[PDB]
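[1] Return a 3D structure for these sequence lines:
(12 chains, ligands or ions: 4)
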Amino acid sequence: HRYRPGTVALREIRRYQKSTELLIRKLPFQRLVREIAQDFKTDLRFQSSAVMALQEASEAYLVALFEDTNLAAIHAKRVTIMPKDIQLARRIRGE
Amino acid sequence: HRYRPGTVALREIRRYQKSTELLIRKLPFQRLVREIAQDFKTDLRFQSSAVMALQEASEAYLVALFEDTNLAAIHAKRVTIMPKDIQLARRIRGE
Amino acid sequence: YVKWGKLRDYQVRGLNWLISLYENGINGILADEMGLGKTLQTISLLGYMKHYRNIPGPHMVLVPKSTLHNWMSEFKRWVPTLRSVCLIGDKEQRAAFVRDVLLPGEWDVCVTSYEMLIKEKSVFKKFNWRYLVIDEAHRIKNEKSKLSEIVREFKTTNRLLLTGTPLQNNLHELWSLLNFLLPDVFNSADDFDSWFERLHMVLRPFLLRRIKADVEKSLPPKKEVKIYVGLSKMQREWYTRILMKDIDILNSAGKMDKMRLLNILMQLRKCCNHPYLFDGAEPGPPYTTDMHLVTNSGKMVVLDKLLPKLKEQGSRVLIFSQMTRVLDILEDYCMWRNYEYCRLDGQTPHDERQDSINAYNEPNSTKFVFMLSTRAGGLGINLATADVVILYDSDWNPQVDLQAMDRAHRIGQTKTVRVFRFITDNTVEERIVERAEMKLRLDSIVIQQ
Amino acid sequence: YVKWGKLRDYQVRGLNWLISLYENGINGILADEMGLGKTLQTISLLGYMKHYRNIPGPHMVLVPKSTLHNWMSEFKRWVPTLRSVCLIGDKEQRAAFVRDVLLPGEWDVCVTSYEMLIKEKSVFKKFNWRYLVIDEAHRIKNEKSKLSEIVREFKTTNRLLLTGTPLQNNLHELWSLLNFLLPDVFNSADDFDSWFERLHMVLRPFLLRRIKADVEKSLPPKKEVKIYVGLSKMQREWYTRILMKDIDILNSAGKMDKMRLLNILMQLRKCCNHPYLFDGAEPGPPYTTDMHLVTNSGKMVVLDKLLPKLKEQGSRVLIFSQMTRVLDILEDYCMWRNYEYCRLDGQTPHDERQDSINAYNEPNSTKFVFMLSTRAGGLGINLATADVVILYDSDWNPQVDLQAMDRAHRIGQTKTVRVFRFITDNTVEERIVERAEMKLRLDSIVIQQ
Amino acid sequence: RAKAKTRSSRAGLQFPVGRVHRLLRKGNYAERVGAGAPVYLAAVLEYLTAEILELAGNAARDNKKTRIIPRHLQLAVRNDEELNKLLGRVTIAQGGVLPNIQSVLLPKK
Amino acid sequence: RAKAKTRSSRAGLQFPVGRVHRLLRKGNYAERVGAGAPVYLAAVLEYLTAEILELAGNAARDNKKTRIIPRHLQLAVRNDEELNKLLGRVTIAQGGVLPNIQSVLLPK
Amino acid sequence: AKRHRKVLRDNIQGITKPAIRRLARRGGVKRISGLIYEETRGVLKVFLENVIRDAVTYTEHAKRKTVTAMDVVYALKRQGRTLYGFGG
Amino acid sequence: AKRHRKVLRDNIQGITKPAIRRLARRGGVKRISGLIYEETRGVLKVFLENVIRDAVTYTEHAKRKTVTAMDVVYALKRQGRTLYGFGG
Amino acid sequence: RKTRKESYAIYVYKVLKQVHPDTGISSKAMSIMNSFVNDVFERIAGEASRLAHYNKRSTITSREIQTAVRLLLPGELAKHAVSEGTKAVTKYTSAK
Amino acid sequence: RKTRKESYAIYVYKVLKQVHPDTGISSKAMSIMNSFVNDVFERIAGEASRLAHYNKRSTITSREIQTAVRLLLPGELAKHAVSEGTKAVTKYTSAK
DNA sequence: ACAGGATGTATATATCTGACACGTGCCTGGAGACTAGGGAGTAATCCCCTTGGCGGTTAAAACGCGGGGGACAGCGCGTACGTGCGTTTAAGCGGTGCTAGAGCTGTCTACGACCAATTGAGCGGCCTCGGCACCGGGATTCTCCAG
DNA sequence: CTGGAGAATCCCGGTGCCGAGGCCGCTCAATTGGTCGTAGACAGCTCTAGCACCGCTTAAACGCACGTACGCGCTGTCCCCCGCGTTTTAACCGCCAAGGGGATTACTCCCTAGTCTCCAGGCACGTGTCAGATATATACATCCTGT
Ligand SMILES: Nc1ncnc2c1ncn2[C@@H]1O[C@H](COP(=O)(O)OP(=O)(O)O)[C@@H](O)[C@H]1O
Ligand SMILES: Nc1ncnc2c1ncn2[C@@H]1O[C@H](COP(=O)(O)OP(=O)(O)O)[C@@H](O)[C@H]1O
Ligand SMILES: [Mg+2]
Ligand SMILES: [Mg+2]
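    Residues are numbered from 1 along each chain as shown, chains lettered A, B, ... in the order given. Ligands and ions are numbered 1, 2, ... in the order given. Find the structure here:
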């Protein structure tokens, strides 16, 4: 038994949209946050709640950018998102 | 003689992208501003420079929207602007 | 030297006075009452300056557009030894005339409108002029106007003003004319203030005036009649709703919305003339119907007095108005009556204007009504044939009206001229007529020299 | 009732004391020195509670994961009339055992790890238990730990703690054990404070301790040797750059960037053990091995003392460390030497662990080195065969080390056990050893009853 | 002196008039603050509070919960055309995404 | 009383230190304001002013005209990446669009 | 009829097609569809409504009947449409 | 070698392909090209740089070595990225 | 501890029980509700302050807060918020 | 009678002359420069105000302006500007 | 076209756990009630600047319609993305110990706001010779088409 | 392919003009100097919470392979733009005329901030208990295949 291409994916669009959880693993993100900050100032410490504010803000930003990317893909009559659709969304938003 | 379809469109782009004049005619815009306003309050008088401030802001907004609209049509592999390209640009902007 | 006919004794005395201004080295104003042939007194002066002083040099005349073809005709008739030329027309025609006629220098008088001067100002400043005559000089009464500024930049040995309404609204307006003539005498309006019972002291050296009642005992005096009229029931309705400012009226549904009234005075003035001027007011979008026009305007109800006049010999009539739309409704009334008529306005082309005047003035002409706008038709044009004048509207400035009446009362008028003025009784038209009369008092129509 | 062998007189007296606690209705602590055969005293108590009091009811034992196969073996050996069962394994195995073995109720002792209890807490709370034995009871010293909370929710007629290090760091960490045993006596730590020269007064009713030096005169005492070592030149370089905090080190170019140091003490501790623990520190990305590695660590230079030991009869050795990577580098050293060895660590699976212990302990076994991580390998397992102990690292808690040494010094040890502790001389390893000794003073290894 | 009555009780409000006045006086908005300014502002903040909690409580009820949680609040704000305009630039934590799948993407029939 | 010396002369600046202090004191920015604060802010406002007018002057000379006009200011801000980032949400009156066609639209 | 010769369009129609085409050309648009004129008028009208409504709120607050240039500049600033040149 | 058994990736790689796919599924994306995964990492890194730089400017001003939750909330607010839930 | 922390939480709960007597609310949701009240307060007081300055006035009054509410809220919320503010100020003035 | 209106025009003129001595400027370009100076003054002063409230201080000082400048200005503009302002305070405090 | 087979999804019931919910004790911002002195409101004055609309003149909008550009549907082709297997991996959860550095209280003194007094930069008013808009002369040089 | 013709801005030199820089006068905000009182620097102390390591569990991600929906290059298609010229209408600018209403200053007197004092709302605190969690079970959905 194999489901047809595209049916498992729609099931997923439905699950993740219902849930409210964070999707990136948390240890991996904390390490990136800490590496980016070493460039600006050295030897900083971080409240446990401060990295969670960064992760909530980051995942909210990426989910919203993926909506604009999918409308720019469907405008060009495709269902597959591509790097050019991300770039047009970021240009029309002025960033 | 006859120039070819789109040759004079390029001269017009260059000519209007050199000048800083207002392109909409002034008297017809002054009547538009006054009618919209009579719904918000009646018997308003107006400073002459308040209408010029409204026209400068209005032409600046439309020119900038037509630039975002043109990018969308090139993205869809076309050269002619369509009503759906204005609608995509406004939607992605957040209007 | 003057060929076609003989000047009258007062025109002879006026010529000798203009010559005496030239020999004394002064400029001055000629301001005889309207209808007194100021035009010929001027044409005769230029003939003198050529035949006796040997000055064939360039001279300029500025005129209203509606009188350019009269002046030219008069030059051709009385003094054919002057070489008069006229500038008018589209950009190509002005360029062609400048290139092929003006700059050659084969002429001695140049005749132009005030618009043609503002257009060709850079061409005309090349030449050095011997005389600058402005006619209807009241046009330059505001020194801050463009024409007034442009006109003071010219090289001119002599200057001259012709006007029959030398006073208009205030002493500064008259100072503004003296400051063109002798700018080095009347250095300021603050100096004219104080100089001012100082009646004729300042004026006599530089002004001359004569009145028809003194110098033409044979011309019949004017008769003046006010006719007070009530509003129609429809006008009474609109006049009350306009005051309340609940006109409403919207042709694109929106439950009639509201109409904007930032100036109510003009809305009240419109209404008095006719209700149909307003939007959606004429009953029935088809329109076509006609006797209803006469009924819904208290002025038009009275205007059927035109039927008595036509039957009462040829009491041919002139009708003056301040609103162009009113000539529209009067023209539809005359067309629906099948009357014979002429119309002059501000939108008429130049060639047409003089044809109309000629057709109405012919000895065997059959046109009964001439419709004239008051600002274009009220100045310069002569129409001695008509016996009657109607003022449908009333102007804030009294002098504008006086001129319009005088289009008929002038040399060559064989009969008494009747003037009828319409006034709606209990409205702002009372206050307008009272204000205009308050301004007459300070002028007083001084006879002067 | 006890079959395979005889309890020594102190084991007999300990049994009679445990029975006297039961008959007095109290719980208590058995805390003989390590290597005194505590395990058999507990197995004999359960045999009594069945054969003489007729209580075959359920009993529970909690243990560290590395000792689950020893306890089971001993039940099978000394008292075969008890019906012991053991919970361990993947989710499916735990579900199968719960369903098919536990709930049937065909057993009288249940043996589990602390993780298996934390997983199956909702199953085990169904049953009403007759005895709850915890081993290495120091694990529950912090009352806020999740095991300590979970363990107080059980229905238990009797409770028991087995530990040879009853004191750890402070009087609150001992009160936390008394509050599991008799919560209605030691109502609070603020009440235990003040109760406290009050030596043995509180303890004697609920604690019993005996020392190998009193009760086993035949066992040879330990010999303890500190070996102070200097740093290598490379270690001296890194130890100074770490203090300056200019380690730099970046494998992805960026001119070496900077390594972050929010905790410098752990970086200094790493360095003392070996320089290669750090990134990019080994010379040559190919790696190469060979004595270059040995020459760069002052501890490893000395560790070639293993060659004397191997030649000096079978002085088989145990090596203890606190860092998992250090066992890696020691394992590469032993592989490069071609030595025979075993290794136990926290990553190891359960089945493998006991096989290793068995293979090393066999009468004809050839393995020279056993590498043990100090947390997982330092508790419970018995390895009487080896004569020598090496402590490469030093722990902040003195008691952790003591236990590790005692893996060898236990009943059945025929020979004097030598303990070697490595210390880098002018570094933070001095301060760590000084504080651990400051903590020993307050404990003093009280002999007690 | 007479026994105290809170200014919120006089205005007929649940939010604090006194705290709001202090906040405004110490926030450096104007060098003076009027007496009615704190009462008008407390009325508006309580009204806007009630508008959100009414929609959030309906969302909790439809989801069969007795307790409002951050997801219920998102659903309320984003399904109301005025609250989503008032709050178009705020991120609510643990607030999900309204469910929407574009039509082109769905299976064919 | 000694001869007065305006605070801008003491700091070596052309913009007004005294006026800036009044504007800050009366503008509701803080309960108090220090004496070094108007000096720092006046120096930054004069630097940013000189940064614009320098490039505006060059755009005027490139057009061969002696007076700066409002288009010259637009050509300067838009052609510099940091001034265009600082002034990215601003419209300037009588300001044209920089000349530009997407290459897709140009003839073959 | 002389009276009815003239006919009036709506005030939105005053924004003619020749003019929309020029504002597209300043924006670099080469070719335009015939439906855009209706769409562009709808979009400008929504922009003017939102700016004017606020400019009048400011005027009412000041108790004045005349809309000034500053009322327009403050309304544009509050919406992120900062304008230079008209004061402020 | 036991010593070299483990190998370390860059910290950007910790945002895995499985982690990006779920985010696009919450956004309603059905199908994704394979070059979108490196593009997304570049975009997040630019977002984190701009928020962190400011959160550290605030921390330095307060003379503290620890970044707090309020330092992050004020940085997001100043950029138009208001966040509710973490105080303020 | 040794330091208090003010919040709107008790006021949000007193209103909750008038709107829905049966329901309760979580601590995470109450923290979002406290953030909403703080954000809206700072918006309305920023417009009021500016309005006063433009018109050259020293005082913030209810007339400036009414206009700030009209500039900030969408149309259906603005008309209701103005009705609730004017009802409160009339009632307050009757007791004052 | 007719009241005075303040502007930056005479300082803008004196700085132009220092940069381009022969160049002039039109009255409309002056209105735009006067608008620019006021926009940038308001941005810096608004950030400097908040930073003090966050840290519970009642005084604005050169340190709060320095942080405000680093938050608002782009990267290179910020560096040069910071140097210009710290230079001006160094010269001023030598001559106060 | 649509029969069973297969799969994930729904919800029924049970017992279970840990965030909410009450009330307690406690303490510091809100509220009383006068004096202070400015902002604010309202009168009245003056005269800047906005609302009509004719007259005249050009320019820009409008209409119509020849003709070739781009918009768009369809086909076929081919490799890049979905899917599921088994596999290996590190995130997560717990636990130990240490100590950096957030936080508080109590103390002391540089700083800024304030006042009154004096004086000069900066305001508006009145000025004018020179920047550069404009017109009409010729210069290449854009583009296009029929040889 | 490309010569040729012929409409496109493009320099060039003259002509006039009200924009911009200069100065005048004199207005009213900056600076000097003194004084006051309290923001904030600073030292000290305490003790919370942020950092490392390992142990252990098993969700999770890794890579492998399989096979198909859909990415995107050509073609044909035939509609609706672009460009021209024409006729047509209305915008721009100049003109006068009136009087709404911005603006000023002046007067008077309601408003709010200040102070001190006072006692009850709101803070954190600690504890019982019930919405919520999730375990097992099954019943009904919807997808997929093949015939
Ligand atoms: N001396 C005269 N002889 C014959 N006709 C005259 C004489 N003077 C004037 N007229 C006629 O009287 C008419 C009015 O003259 P006009 O120049 O219009 O006077 P004004 O210009 O002062 O109104 C003219 O048409 C002219 O033909
Ligand atoms: N009575 C006894 N007879 C023989 N050997 C014993 C006896 N008691 C203990 N041992 C030995 O003790 C060793 C382990 O002791 P153990 O029970 O682990 O002590 P503890 O539990 O205190 O660490 C076993 O190898 C066992 O042989
Ligand atoms: Mg005449
Ligand atoms: Mg043991």
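
[2] Contact partners for the closest residue to chain G within the stretch 151-300 of chain C?
    Relative to chain G, the nearest point of the stretch 151-300 of chain C is residue C:287 (6.2 Å; C-beta to the nearest C-beta). Backbone N, C-alpha and C define where each C-beta goes, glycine included. Residues in contact with residue C:287, defined by C-beta atoms under 8 Å, 6 or more residues apart in numbering or on different chains, are G:1, G:3, G:4.

[3] Show me what whichever residue of chain G sits closest to chain J bridges to in the sheet.
    Per C-beta to the nearest C-beta, residue G:84 is where chain G lies closest to chain J, at 4.1 Å. Legend: beta-bridge partners of residue G:84 under DSSP bridges are residue F:92.

[4] returning to that earlier point: which one among the contacts of residue C:287 gets closest to residue D:230?
    Using C-beta to C-beta, residue G:4 is the member of the contacts of residue C:287 that lies nearest residue D:230, at 114.8 Å.

[5] count of neighbours near residue G:73?
    24 (other C-beta atoms under 10 Å in any protein chain shown).

[6] Now for it: which residues touch it?
    B:53, G:83, G:86, G:87, G:88.

[7] The first one and residue I:71: what is the separation?
    In this structure, residue B:53 and residue I:71 are separated by 18 Å, where distance is defined by C-beta to C-beta, to the nearest Å.

[8] and if you look at the fourth one?
    Distance from residue G:87 to residue I:71, counting by C-beta to C-beta: 20 Å.

[9] can you tell me the helix or strand for residue C:158?
    Using DSSP states H and E, residue C:158 sits in strand C:156-162.

[10] Just give the number of residues close to residue C:259.
    Residues near residue C:259, counting by other C-beta under 10 Å: 18.

[11] which SS class is it?
    coil (DSSP: H, G, I helix; E, B strand; the rest coil).

[12] Now it. Nearest residue, chain neighbours left out?
    Leaving aside its chain neighbours, residue C:259 sits nearest to residue C:247 (4.3 Å; criterion: C-beta to C-beta, 6 or more residues apart in numbering or on different chains).

[13] Buried ones in stretch A:51-69, by neighbour count?
    A:51-63, A:65-69 (16 or more other C-beta atoms under 10 Å in any protein chain shown).

[14] Please work out which residues outside it touch it.
    With contacts defined as C-beta under 8 Å, 6+ apart, stretch A:51-69 is touched by A:22-24, A:26, A:29-30, A:33, A:81, A:85-86, A:89-90, A:92-93, B:92, E:91, E:93-94, E:97, H:23-24, H:26-29, H:40, H:43-44, H:47-48, H:51-52, H:69, H:72-73, H:76, H:81, H:83, H:85-86.

[15] Scan chain G for its longest helix.
    helix G:36-61 (DSSP state H).

[16] Show me what that one is packed up against.
    helix B:26-37, helix B:48-75, helix B:83-93, helix G:17-26, strand G:66-67, helix G:69-78, helix I:27-54, helix I:62-72 (3 or more C-beta pairs under 8 Å, 6 or more residues apart in numbering or on different chains; DSSP states H and E).

[17] Pairing partners for the fifth one, with directions?
    Same thing as strand G:66-67. In the sheet, strand G:66-67 lines up with strand B:45-46 (parallel) (DSSP bridges).

[18] So what touches the partner strand?
    Looking at what lies outside strand B:45-46 - C-beta under 8 Å, 6+ apart - the contacts are B:33, B:34, C:262, G:65, G:66, G:67.

[19] repeat that with 6 Å
    Defining contact as C-beta atoms under 6 Å, 6 or more residues apart in numbering or on different chains, one finds that strand B:45-46 is touched by G:65, G:66, G:67.

[20] Okay, buried residues for the longest helix of chain G please.
    Buried residues in helix G:36-61, counted by 16+ other C-beta under 10 Å: G:36-37, G:39-41, G:43-44, G:47-48, G:51-59, G:61.

[21] Name the residues of chain I found near DNA strand K, please.
    Chain I comes close to DNA strand K at residues I:2, I:3, I:4, I:24, I:25, I:26, I:27, I:28, I:57, I:58, I:59, as judged by C-beta under 7 Å from any atom of the strand.

[22] buried ones in stretch C:203-223?
    C:203, C:206, C:207, C:208, C:209, C:210, C:212, C:215, C:216, C:219.

[23] if we look at chain B, which of the residues you listed are close to it?
    When contact is defined as C-beta under 6 Å from any C-beta of the partner chain, the buried residues of stretch C:203-223 do not meet chain B at all.

[24] if I pick residue C:396, what's in contact with it?
    Contacts of residue C:396 (C-beta under 6 Å, 6+ apart): none.
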